[PDB]
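The structure appears right after this line, and notes come after that.
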Amino acid sequence: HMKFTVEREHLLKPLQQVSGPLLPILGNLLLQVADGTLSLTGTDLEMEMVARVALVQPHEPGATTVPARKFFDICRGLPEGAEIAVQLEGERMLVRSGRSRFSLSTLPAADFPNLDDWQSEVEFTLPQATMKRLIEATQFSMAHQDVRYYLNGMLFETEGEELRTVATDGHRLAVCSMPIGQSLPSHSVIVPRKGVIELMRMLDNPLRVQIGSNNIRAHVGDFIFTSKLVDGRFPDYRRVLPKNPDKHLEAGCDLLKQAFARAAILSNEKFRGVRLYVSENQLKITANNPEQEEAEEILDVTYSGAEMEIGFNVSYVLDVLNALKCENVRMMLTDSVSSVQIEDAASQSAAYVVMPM
Amino acid sequence: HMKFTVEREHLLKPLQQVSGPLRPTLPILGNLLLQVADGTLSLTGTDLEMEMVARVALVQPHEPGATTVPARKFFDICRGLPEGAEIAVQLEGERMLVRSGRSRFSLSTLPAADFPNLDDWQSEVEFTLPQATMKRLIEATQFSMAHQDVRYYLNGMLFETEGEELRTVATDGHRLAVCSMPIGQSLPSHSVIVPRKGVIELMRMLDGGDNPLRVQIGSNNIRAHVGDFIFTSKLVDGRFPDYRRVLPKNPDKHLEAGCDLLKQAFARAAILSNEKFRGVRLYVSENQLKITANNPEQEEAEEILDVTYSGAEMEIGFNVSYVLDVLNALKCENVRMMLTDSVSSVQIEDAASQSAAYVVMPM
Amino acid sequence: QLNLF
Amino acid sequence: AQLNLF
């Protein structure tokens, strides 16, 4: 029955990737030798990650499941360049290399959880860098463990020739759109928070994406990731974007980040409120706490609108600025009770909307 | 009232060092004591058990006085400021105003008179030694300290001066580490126990450069000076175990093997040992070591290694973590196992050096 | 901290 | 399982 012999460095990166998503069967990896190929699959029932390793040595077809973390740690603990020999034998898999011998327990491959067949309704390819940019630009705005399950995920929207990602936790929002070269149908789904984290780590140049009505799949090199989609209806970003900001402020991304990072130190540990005074070519950031401590930062910026005060959760601001790895930032204000739009001054690819305190 | 103006890079390293003992409980303990006197700023942090004092020469106009300020806020402020920033401090009200460029901060204070004070004590033993020696002595044994044993005395490290050697010992009852190093001076016989936190802060004051370490040890305290930094700790009360007496009485069986090969053998076997108990089994035979491990899952691993051994055959079990710990600490090429029988402890050493011995008890 | 909508 | 010294 199942047998293969492979170099350790052939297995390390795949075993690692498919272990990402991790009942006892769920702690196991499905192993499948077929057609001169080993397949490794890991699953949490919501999503699954499949890796393929070409087998250039004698092998025999078959399948079993083995504990993921013990199998990885064994192959990782083995010396650089080792030949790992695997074979199934009743209720145990045997892994052998030099005078190192291991006997792992198995669970039947028939028992291993399957994600049901589904149909792709939307298909496109795009470079990995673009999938990264889209996820990096908005991931941080996802709600963590909100009862609004539809917020514990990321919207993926295809519109015209653009793929767009949206993320919000109700208090702040991030939207990023990137051009992809093929006219696409209108389609809008929510990928769960975990799937977004997993799909992000498989980027590590073309990714092929397939999207059904309750499923998303990403093919990347020798990896196939698939996830359930989150049920429900995501908020419309067109509708959170400030209606028409009249007041535009420009400043250095780093100088602004650092002013805020310093003010943040003496803001409320709970609420993290800082105050912004905008005036002709100047931003005053202030913070105070229950200790009666206070910080005050004055910056030169480019602004000529009217004067206004506005408060913010400084962490929301720092998050945005940390994600905008750029030179100058654009703050788009309206009034002291309305949200602000923040953008890279040189690029409209990504917008950020943060609600005031 | 206190005033000083200083470059940021003058304050970074000191603020960092004295913030060591700093979860939050008793507000004054989250504060640093600041003292301008005699052209010098002193910064003191404390947890009541230990304290660390840093001195900064003041080359700019200053005025004497003292106050306390939150340590972490004051550090984060100075760390947050740009390179080369001038940091101007003053007092008005019960606050401390810190100013650099157009960045302005107002910190709350607590009176300096309220700041906790480790009582005066007398040095009875004094020596210097290189920082690299203090490091080696701590790194070689730190890991054998007991975690939170009700024998308070095992939750610490023995520091023993004898003849021309400083020695450290550490044990949790099951395993033991002893390291001795020469320091070029004739010393009196003395033994003290430095607490867990004291060993951490002290290992952490070792910047790893040239300044030698000046130690002073008293009846219930210890102090180390390096540069313009001064660490002081209470000692743990009680009587530490005698290492002379744990060391196997006379091992007859000596085994040599590669440190890395033996480590990786055990690390691999460890994967399929009992998660709770972590038992592995050793079978020594002429020039060979078999390591095996099994678990409730009926899984097993087996590693065979070539070694240098010609004694009698024997089986012996070990907590594999204790073994791995020792081997991780012995950053060397070949190891020496010194066995007696299956019910007796083993002594492990670097094969090239007798500076450090390790005794681990069998399962 | 206020919610959108 | 694992004995103390002494």
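Quick note on naming: the chains in the structure tokens go A, B, ... in the order shown, residues restart at 1 in each chain, and ligands are numbered from 1 in order of appearance.
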
Closest-contact table, chain A side, partner chain B, 8 Å, counting only C-alpha atoms, as CSV:
residue,atom,partner,partner_atom,distance
A:70,CA,B:271,CA,6.4
A:73,CA,B:271,CA,7.2
A:74,CA,B:268,CA,6.2
A:77,CA,B:268,CA,5.9
A:78,CA,B:268,CA,7.6
A:99,CA,B:304,CA,5.4
A:100,CA,B:303,CA,4.6
A:101,CA,B:302,CA,5.0
A:102,CA,B:301,CA,4.2
A:103,CA,B:300,CA,5.2
A:104,CA,B:299,CA,5.3
A:105,CA,B:299,CA,6.2
A:258,CA,B:80,CA,7.1
A:259,CA,B:103,CA,7.9
A:261,CA,B:80,CA,7.4
A:262,CA,B:80,CA,5.9
A:265,CA,B:73,CA,6.4
A:266,CA,B:73,CA,7.5
A:291,CA,B:108,CA,6.7
A:292,CA,B:108,CA,7.0
A:293,CA,B:107,CA,4.9
A:294,CA,B:106,CA,5.0
A:295,CA,B:105,CA,4.2
A:296,CA,B:104,CA,5.0
A:297,CA,B:103,CA,4.6
A:298,CA,B:102,CA,5.6
A:299,CA,B:102,CA,7.7

At a cut-off of 8 Å, using only C-alpha atoms, what residues contact residue 2 in chain C? Leave out same-chain residues fewer than 2 positions from it and give the result as a PDB file with N, CA and C atoms, in the first residue's frame.
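Written file, around25.pdb:
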ATOM      1  N   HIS A 171     -16.812  50.763  13.041  1.00  0.00           N
ATOM      2  CA  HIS A 171     -16.232  52.052  13.489  1.00  0.00           C
ATOM      3  C   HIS A 171     -15.264  52.652  12.503  1.00  0.00           C
ATOM      4  N   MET A 355     -14.353  56.812  11.855  1.00  0.00           N
ATOM      5  CA  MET A 355     -15.465  57.522  12.455  1.00  0.00           C
ATOM      6  C   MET A 355     -14.910  58.311  13.663  1.00  0.00           C
ATOM      7  N   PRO A 356     -15.440  59.511  13.917  1.00  0.00           N
ATOM      8  CA  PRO A 356     -14.913  60.319  15.022  1.00  0.00           C
ATOM      9  C   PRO A 356     -15.395  59.883  16.407  1.00  0.00           C
ATOM     10  N   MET A 357     -14.713  60.375  17.445  1.00  0.00           N
ATOM     11  CA  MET A 357     -15.146  60.245  18.859  1.00  0.00           C
ATOM     12  C   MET A 357     -15.724  61.554  19.347  1.00  0.00           C
TER      13      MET A 357
ATOM     14  N   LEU C   4     -21.026  53.303  12.263  1.00  0.00           N
ATOM     15  CA  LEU C   4     -21.416  53.939  10.994  1.00  0.00           C
ATOM     16  C   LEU C   4     -22.917  53.708  10.751  1.00  0.00           C
TER      17      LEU C   4
END

Practice problem: Tell me the residues of chain B close to chain D, meaning within 7 Å using only C-alpha atoms, as number ranges by chain. | Solution: B: 173-174, 246, 361-363

Tell me, as a PDB file with N, CA and C atoms, in the first residue's frame, which residues lie within 12 Å of residue 3 in chain C, counting only C-alpha atoms; anything in the same chain fewer than 5 positions away does not count.
ATOM      1  N   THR A 168     -14.552  46.243   7.415  1.00  0.00           N
ATOM      2  CA  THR A 168     -14.996  47.194   8.431  1.00  0.00           C
ATOM      3  C   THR A 168     -15.456  46.480   9.702  1.00  0.00           C
ATOM      4  N   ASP A 169     -15.299  47.132  10.836  1.00  0.00           N
ATOM      5  CA  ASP A 169     -15.812  46.573  12.098  1.00  0.00           C
ATOM      6  C   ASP A 169     -16.937  47.407  12.656  1.00  0.00           C
ATOM      7  N   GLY A 170     -17.459  48.318  11.825  1.00  0.00           N
ATOM      8  CA  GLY A 170     -18.536  49.229  12.212  1.00  0.00           C
ATOM      9  C   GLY A 170     -18.064  50.639  12.580  1.00  0.00           C
ATOM     10  N   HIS A 171     -16.812  50.763  13.041  1.00  0.00           N
ATOM     11  CA  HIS A 171     -16.232  52.052  13.489  1.00  0.00           C
ATOM     12  C   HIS A 171     -15.264  52.652  12.503  1.00  0.00           C
ATOM     13  N   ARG A 172     -14.748  51.818  11.615  1.00  0.00           N
ATOM     14  CA  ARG A 172     -13.744  52.215  10.662  1.00  0.00           C
ATOM     15  C   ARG A 172     -13.839  51.263   9.476  1.00  0.00           C
ATOM     16  N   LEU A 173     -13.264  51.657   8.340  1.00  0.00           N
ATOM     17  CA  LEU A 173     -13.432  50.903   7.117  1.00  0.00           C
ATOM     18  C   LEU A 173     -12.214  51.091   6.255  1.00  0.00           C
ATOM     19  N   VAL A 240     -20.510  54.707   2.938  1.00  0.00           N
ATOM     20  CA  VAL A 240     -19.780  55.124   4.113  1.00  0.00           C
ATOM     21  C   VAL A 240     -18.809  56.261   3.764  1.00  0.00           C
ATOM     22  N   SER A 338     -18.480  64.166  11.577  1.00  0.00           N
ATOM     23  CA  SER A 338     -18.491  63.308  10.385  1.00  0.00           C
ATOM     24  C   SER A 338     -17.178  62.564  10.263  1.00  0.00           C
ATOM     25  N   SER A 339     -17.208  61.449   9.533  1.00  0.00           N
ATOM     26  CA  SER A 339     -16.018  60.638   9.343  1.00  0.00           C
ATOM     27  C   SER A 339     -15.004  61.379   8.505  1.00  0.00           C
ATOM     28  N   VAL A 353     -11.820  55.015   5.925  1.00  0.00           N
ATOM     29  CA  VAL A 353     -12.806  55.878   6.561  1.00  0.00           C
ATOM     30  C   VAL A 353     -12.826  55.553   8.020  1.00  0.00           C
ATOM     31  N   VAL A 354     -12.611  56.567   8.849  1.00  0.00           N
ATOM     32  CA  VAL A 354     -12.603  56.396  10.283  1.00  0.00           C
ATOM     33  C   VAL A 354     -13.614  57.339  10.897  1.00  0.00           C
ATOM     34  N   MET A 355     -14.353  56.812  11.855  1.00  0.00           N
ATOM     35  CA  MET A 355     -15.465  57.522  12.455  1.00  0.00           C
ATOM     36  C   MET A 355     -14.910  58.311  13.663  1.00  0.00           C
ATOM     37  N   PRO A 356     -15.440  59.511  13.917  1.00  0.00           N
ATOM     38  CA  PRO A 356     -14.913  60.319  15.022  1.00  0.00           C
ATOM     39  C   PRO A 356     -15.395  59.883  16.407  1.00  0.00           C
ATOM     40  N   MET A 357     -14.713  60.375  17.445  1.00  0.00           N
ATOM     41  CA  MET A 357     -15.146  60.245  18.859  1.00  0.00           C
ATOM     42  C   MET A 357     -15.724  61.554  19.347  1.00  0.00           C
TER      43      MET A 357
END

Practice problem: Run DSSP on the backbone and give me the residues of range 88-145 of chain A it puts in strand (DSSP E or B), as a list in words. | Solution: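 So, restricting range 88-145 of chain A to strand (DSSP E or B), we get residues 88, 89, 92, 93, 94, 95, 96, 97, 100, 101, 102, 103, 104, 105, 107, 122, 123, 124, 125, 126 and 127 of chain A.
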
C-alpha atoms of the current selection, written as a short mmCIF file (atom, residue, chain, number, x, y, z; two decimals), in the first residue's frame:
data_model
loop_
_atom_site.label_atom_id
_atom_site.label_comp_id
_atom_site.auth_asym_id
_atom_site.auth_seq_id
_atom_site.Cartn_x
_atom_site.Cartn_y
_atom_site.Cartn_z
CA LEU A 88 1.54 2.60 5.60
CA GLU A 89 1.16 -0.64 7.50
CA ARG A 92 0.44 3.02 11.58
CA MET A 93 2.56 5.02 9.16
CA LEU A 94 6.30 4.40 9.26
CA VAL A 95 8.71 7.21 8.62
CA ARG A 96 12.36 6.29 8.33
CA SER A 97 15.57 8.20 7.72
CA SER A 100 15.81 7.40 12.91
CA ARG A 101 12.54 5.52 12.96
CA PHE A 102 9.03 6.71 13.74
CA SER A 103 5.63 5.13 13.98
CA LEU A 104 2.63 7.44 13.67
CA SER A 105 -1.00 6.57 14.33
CA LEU A 107 -7.12 7.67 10.89
CA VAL A 122 -16.39 33.70 -11.81
CA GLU A 123 -12.82 33.16 -12.89
CA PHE A 124 -9.75 35.29 -13.32
CA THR A 125 -6.00 35.29 -12.82
CA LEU A 126 -3.91 38.02 -11.27
CA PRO A 127 -0.39 38.50 -9.99
#

Contact check, range 167-262 of chain A to range 136-147 of chain A, at most 12 Å, counting only C-alpha atoms, closest pairs as a Markdown table:
| residue | atom | partner | partner_atom | distance |
| --- | --- | --- | --- | --- |
| A:167 | CA | A:142 | CA | 4.9 |
| A:168 | CA | A:141 | CA | 5.0 |
| A:169 | CA | A:143 | CA | 4.0 |
| A:170 | CA | A:143 | CA | 7.7 |
| A:171 | CA | A:141 | CA | 9.0 |
| A:172 | CA | A:141 | CA | 6.6 |
| A:173 | CA | A:141 | CA | 5.8 |
| A:174 | CA | A:138 | CA | 5.0 |
| A:175 | CA | A:138 | CA | 6.2 |
| A:176 | CA | A:137 | CA | 6.6 |
| A:177 | CA | A:137 | CA | 9.7 |
| A:178 | CA | A:137 | CA | 11.0 |
| A:190 | CA | A:142 | CA | 11.1 |
| A:191 | CA | A:142 | CA | 11.0 |
| A:192 | CA | A:142 | CA | 9.8 |
| A:193 | CA | A:142 | CA | 7.5 |
| A:194 | CA | A:144 | CA | 10.5 |
| A:195 | CA | A:139 | CA | 11.4 |
| A:196 | CA | A:139 | CA | 7.8 |
| A:197 | CA | A:139 | CA | 8.5 |
| A:198 | CA | A:139 | CA | 12.0 |
| A:199 | CA | A:136 | CA | 11.4 |
| A:200 | CA | A:136 | CA | 8.2 |
| A:201 | CA | A:136 | CA | 11.0 |
| A:203 | CA | A:136 | CA | 11.6 |
| A:234 | CA | A:142 | CA | 11.5 |

Quiz prompt | Filtered DSSP result for range 132-239 of chain A, state helix (DSSP H, G or I), as a VMD selection string | solution = chain A and resid 132 to 141 149 to 151 193 to 201 237 to 239

Writer output for current selection, C-alpha atoms, as a PDB file, in the first residue's frame:
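Saved to part.pdb:
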ATOM      1  CA  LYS A 132      -1.202  40.731  -1.302  1.00  0.00           C
ATOM      2  CA  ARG A 133      -1.678  44.476  -1.735  1.00  0.00           C
ATOM      3  CA  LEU A 134      -5.471  44.072  -1.663  1.00  0.00           C
ATOM      4  CA  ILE A 135      -5.362  42.041   1.590  1.00  0.00           C
ATOM      5  CA  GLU A 136      -2.612  43.980   3.320  1.00  0.00           C
ATOM      6  CA  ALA A 137      -4.380  47.282   2.552  1.00  0.00           C
ATOM      7  CA  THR A 138      -7.641  46.296   4.278  1.00  0.00           C
ATOM      8  CA  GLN A 139      -7.199  43.180   6.498  1.00  0.00           C
ATOM      9  CA  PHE A 140      -6.659  45.229   9.685  1.00  0.00           C
ATOM     10  CA  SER A 141     -10.171  46.750   9.515  1.00  0.00           C
ATOM     11  CA  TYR A 149     -20.519  37.375  11.602  1.00  0.00           C
ATOM     12  CA  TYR A 150     -20.693  39.137   8.257  1.00  0.00           C
ATOM     13  CA  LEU A 151     -18.040  41.580   9.550  1.00  0.00           C
ATOM     14  CA  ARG A 193     -11.344  36.045   8.564  1.00  0.00           C
ATOM     15  CA  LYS A 194      -9.332  32.781   8.750  1.00  0.00           C
ATOM     16  CA  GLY A 195      -9.506  32.169   4.982  1.00  0.00           C
ATOM     17  CA  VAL A 196      -8.160  35.677   4.450  1.00  0.00           C
ATOM     18  CA  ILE A 197      -5.224  34.951   6.802  1.00  0.00           C
ATOM     19  CA  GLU A 198      -4.532  31.611   5.064  1.00  0.00           C
ATOM     20  CA  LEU A 199      -4.845  32.964   1.555  1.00  0.00           C
ATOM     21  CA  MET A 200      -2.488  35.780   2.563  1.00  0.00           C
ATOM     22  CA  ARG A 201       0.246  33.329   3.689  1.00  0.00           C
ATOM     23  CA  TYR A 237     -18.598  51.185   0.865  1.00  0.00           C
ATOM     24  CA  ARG A 238     -20.059  53.703  -1.636  1.00  0.00           C
ATOM     25  CA  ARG A 239     -22.248  54.757   1.247  1.00  0.00           C
TER      26      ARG A 239
END

Self-check item: Surrounding residues of residue 315 in chain A excluding itself and chain neighbours under 5 positions, 9 Å, only C-alpha atoms, as a ChimeraX atom specification
Solution: /A:260-261,264,272-273,320

So that I have them on file, write out the residues from the current selection with N, CA and C atoms, as a PDB file, in the first residue's frame.
ATOM      1  N   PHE A 260       1.453  61.133  16.337  1.00  0.00           N
ATOM      2  CA  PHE A 260       0.329  60.403  16.919  1.00  0.00           C
ATOM      3  C   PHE A 260       0.800  59.318  17.866  1.00  0.00           C
ATOM      4  N   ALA A 261       1.880  58.635  17.519  1.00  0.00           N
ATOM      5  CA  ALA A 261       2.394  57.580  18.363  1.00  0.00           C
ATOM      6  C   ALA A 261       2.813  58.172  19.697  1.00  0.00           C
ATOM      7  N   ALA A 264      -0.283  59.366  21.645  1.00  0.00           N
ATOM      8  CA  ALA A 264      -1.030  58.189  22.096  1.00  0.00           C
ATOM      9  C   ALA A 264      -0.636  57.741  23.503  1.00  0.00           C
ATOM     10  N   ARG A 272      -8.530  55.803  24.105  1.00  0.00           N
ATOM     11  CA  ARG A 272      -7.447  56.202  23.180  1.00  0.00           C
ATOM     12  C   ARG A 272      -7.761  57.386  22.298  1.00  0.00           C
ATOM     13  N   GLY A 273      -8.388  58.390  22.894  1.00  0.00           N
ATOM     14  CA  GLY A 273      -8.829  59.571  22.183  1.00  0.00           C
ATOM     15  C   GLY A 273      -7.720  60.589  22.100  1.00  0.00           C
ATOM     16  N   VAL A 320      -4.192  52.815  10.139  1.00  0.00           N
ATOM     17  CA  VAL A 320      -4.325  53.317   8.773  1.00  0.00           C
ATOM     18  C   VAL A 320      -2.987  53.777   8.290  1.00  0.00           C
TER      19      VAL A 320
END

Practice problem: For CA of residue 14 in chain A and CA of residue 156 in chain A, quote the distance in Å rounded to one decimal. | Solution: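 CA of residue 14 in chain A sits 26.3 Å away from CA of residue 156 in chain A.
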